[PDB]
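Heads up, what comes next is one protein chain in two forms, each shown on its own as structure tokens, labelled structure 1 and structure 2.
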Structure 1
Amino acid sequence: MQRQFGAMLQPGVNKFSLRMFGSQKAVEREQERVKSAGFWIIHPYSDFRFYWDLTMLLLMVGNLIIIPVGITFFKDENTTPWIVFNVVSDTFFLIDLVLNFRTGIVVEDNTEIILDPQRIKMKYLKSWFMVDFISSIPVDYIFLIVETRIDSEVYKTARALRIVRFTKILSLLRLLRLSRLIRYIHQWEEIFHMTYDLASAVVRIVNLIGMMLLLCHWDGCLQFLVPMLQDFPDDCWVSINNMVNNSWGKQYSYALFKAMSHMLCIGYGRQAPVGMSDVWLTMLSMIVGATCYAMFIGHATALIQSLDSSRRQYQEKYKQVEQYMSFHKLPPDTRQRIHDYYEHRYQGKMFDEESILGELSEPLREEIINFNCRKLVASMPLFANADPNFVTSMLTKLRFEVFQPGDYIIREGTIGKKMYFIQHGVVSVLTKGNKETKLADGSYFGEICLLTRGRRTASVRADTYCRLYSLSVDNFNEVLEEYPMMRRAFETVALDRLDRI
């Protein structure tokens, strides 16, 4: 199954490969560049590297939680389940150390991905090797075997206690897997799409909350560890609180409380620190916890300032309108009319709709505008019996407008520059010496002046909260220069409306 076990190392066709490479042909050329690279090269955008990084993330979170508790609180932490756990974990981390010499490297100086194993080897030895080589191999068990072979009869003196304490210090080199944890979390969050579509403040504050929990855990383990490597002297907090002979659950609970009282800014344990190890560890935890909590307030502020974005923009613009009205001292009748205007026109959410449609492509503009005006097209007798290209070319030129009742849309006897379609509401056509006529949805008005370039023949007044679509002269002549056969519909309607007067 060397074909099946070789297809996982190359970037398969998905949403991510079709996002990062362009089209499927670039994905195929990338796969051909992978297959010709060498002996089993791992592409970083592949399927094996992704789920391998995910299993290593789960294993690193398990190790960085378990390992300090196993080192500090347990006395002879060399039983068979502990050594089996450390050796299985270090087996996986040596496997990942070896596979990092076969992984393509995404470099932010080239559009391509480095797949030459010599450059991969030199760049991986250049920056992130020594910390991964320290963190992968079991340094403590190597040291125990070396100390066994140098002196076989060494475990009967006061040197042996020093060797056990130095073993418990060397076994904390596995906490250098935080580097691989941070790198694999950043790569995984860049690749995995549900965290990619999230807001960056949310992903950033989840990373911070994870790091705060991890540092509070490690700090509690450190608060117990440094008095544990001193035979619990009479001034450390353990011997003062008489927690030397409790269970490890109570020791870990009170040590985590003593660390957490300095992370979330409370303080202290039972008393003030007394011994110098206590004072300097407490000041270390106070620095780390106050920095992490200041960053937590910073991320909470940056998250809260980006929640109700368009509603906040609407309220900022309407607050500027309020301050404009107060600055020019408008009467409260007009202020009430403007309050009703902004709550009818924008409906609480203000959009830069021109820029939003300008970012989109042409068929998406055509599709959205055909969707947003389907009630108009269904209601109007003209658009329902016309060319859909003509309907779309007309609807891309319209402008949404809202008129309060009583407003004069068109004044009788001025030079007209717009043409109105009615989406919603009714209007009253007032003509001097004639009866007013109501117009409703689907009906349009103000088209004789766009055909004849004369002056307005009849005033038009609103009756309800009218929602109209305006059309300029230039766009109307442009769309009729596209389609001169639909001009005769407006000429028929305008001749009939001149016949009514």
Structure 2
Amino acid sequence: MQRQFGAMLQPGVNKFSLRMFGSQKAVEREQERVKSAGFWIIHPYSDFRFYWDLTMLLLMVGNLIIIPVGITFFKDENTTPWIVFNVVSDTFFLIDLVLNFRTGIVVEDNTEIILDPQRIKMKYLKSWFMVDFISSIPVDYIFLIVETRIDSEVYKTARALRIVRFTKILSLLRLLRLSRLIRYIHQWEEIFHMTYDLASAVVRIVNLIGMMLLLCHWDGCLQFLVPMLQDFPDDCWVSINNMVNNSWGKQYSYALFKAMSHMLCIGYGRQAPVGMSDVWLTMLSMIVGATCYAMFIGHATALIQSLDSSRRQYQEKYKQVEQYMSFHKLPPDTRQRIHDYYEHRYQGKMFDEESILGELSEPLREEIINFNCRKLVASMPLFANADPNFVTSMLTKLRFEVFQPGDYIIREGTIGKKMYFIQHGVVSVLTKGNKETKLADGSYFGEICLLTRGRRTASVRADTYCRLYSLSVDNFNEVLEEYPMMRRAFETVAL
């Protein structure tokens, strides 16, 4: 299958490519730009790069956990499965270092992914080649093989002891795979922000919890490593606690306890540090742990301030309204009225209807307005015998309004300028002759002033917290400007 390998390196059409490049035609143009690049160029949004980086993350986490425990706590680090594990890992990392010479580079300074095979080489050499080249090759086995090639009988004096100490130091160059771990996790978390829309504070605090666990683990390995390379002098914390000859589990547990004690701000180990190794290592672990815990408090605060943002914005708005009422020295009755109005208008959380209906497109706006109000405008017989385009063009002019119980919605004797549709609540129509009718949901009132443009003949008082839709006369005239046939029909039926 010489075509399937060429297909997997190219960025396939998925949710991510359609969201990045915009159209399917742009993704096909990107596939053609990968095709015209050269000999087997890997695009960093493909499927092969994804599954390869997934296997590399599942290998790097295991390497960064297993390798310091294998180096520091065990004495003979030349057993057969340990060498097998290191050689298999370094084989995968050399394969990844070769494949980095064929992967495109996503630059955040443009929308142009670099696919020039010479320019990716001249960028990867100038950016991240030295770290990956150190962390890929087994420098310790190179030093061991070269030292035994120089002297096959090197174990005569205590110089071979220094060779073993320097082997254990050079084998910590495999901890520079953290750079590739960080660069792969950021590169795929940006993609998963683009696709799935997860909260940014959750992602950053998961990243920080991962780094805190990894640094606590490395510091716990380090505070046993440095007394181990000094052959456990009588002032290190290992020999003071008489735990030189315990099992490696107890050594790792108590060392990780020292690291976590100086990380989460508790302290100490058994006693205070004594030797000059332990004092400076404890100060290093204290600096690293206090920095990581301060950043954890920062990410937790940024997470908590995004949980109730709408209700927080509501309370900021209502404190501004409290200041407005205090500035003009309003009586407390009106303050109770305004408080009840904001409790029954926004229901404790802030939203701006005008900006939200402005940001939406046209069919979503029409769909929301239809679902809200077409069941109400169908109940009026002036509108059921008209153009559906007239109704659709008229529904945009409705305004949502809220009235408290006791309010005069329509005061009798004024110029009628608005027509009201009832969504929720019960109103009372007072007319002359001491007649008081009740209107409820799905009803309407104030329609004579729309047609005739006269004055008010009856009062309307709200009895509950009424949610109403309003239609002005001027907006109705603007709707009649485009539809003159229904205007002439209203002129004839008005006769």
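By rigid core we mean the largest C-alpha set that fits within 1.5 Å across both forms. One-based numbering along structure 1's sequence throughout.
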- [ ] Could you check which of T301, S253, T148, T195 shows a C-alpha shift of 2 Å or more between structure 1 and structure 2 after a rigid core superposition?
- [x] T195
Task: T396 C-alpha shift between structure 1 and structure 2 of 2 Å or more, rigid core reference - done: yes
Task: Core-superposed comparison between structure 1 and structure 2, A378 Cα displacement 2 Å or beyond - done: yes
Open item on the list: Checking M325 here: with the core superposed, does its CA move 2 Å or more between structure 1 and structure 2?
Closed with: yes
- [ ] For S36, tell me the Cα shift between structure 1 and structure 2 once the rigid core is superposed, in Å to one decimal.
- [x] 1.3
Task: Once the two forms are fitted on their core, CA shift of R19 between structure 1 and structure 2 in Å - done: 0.6
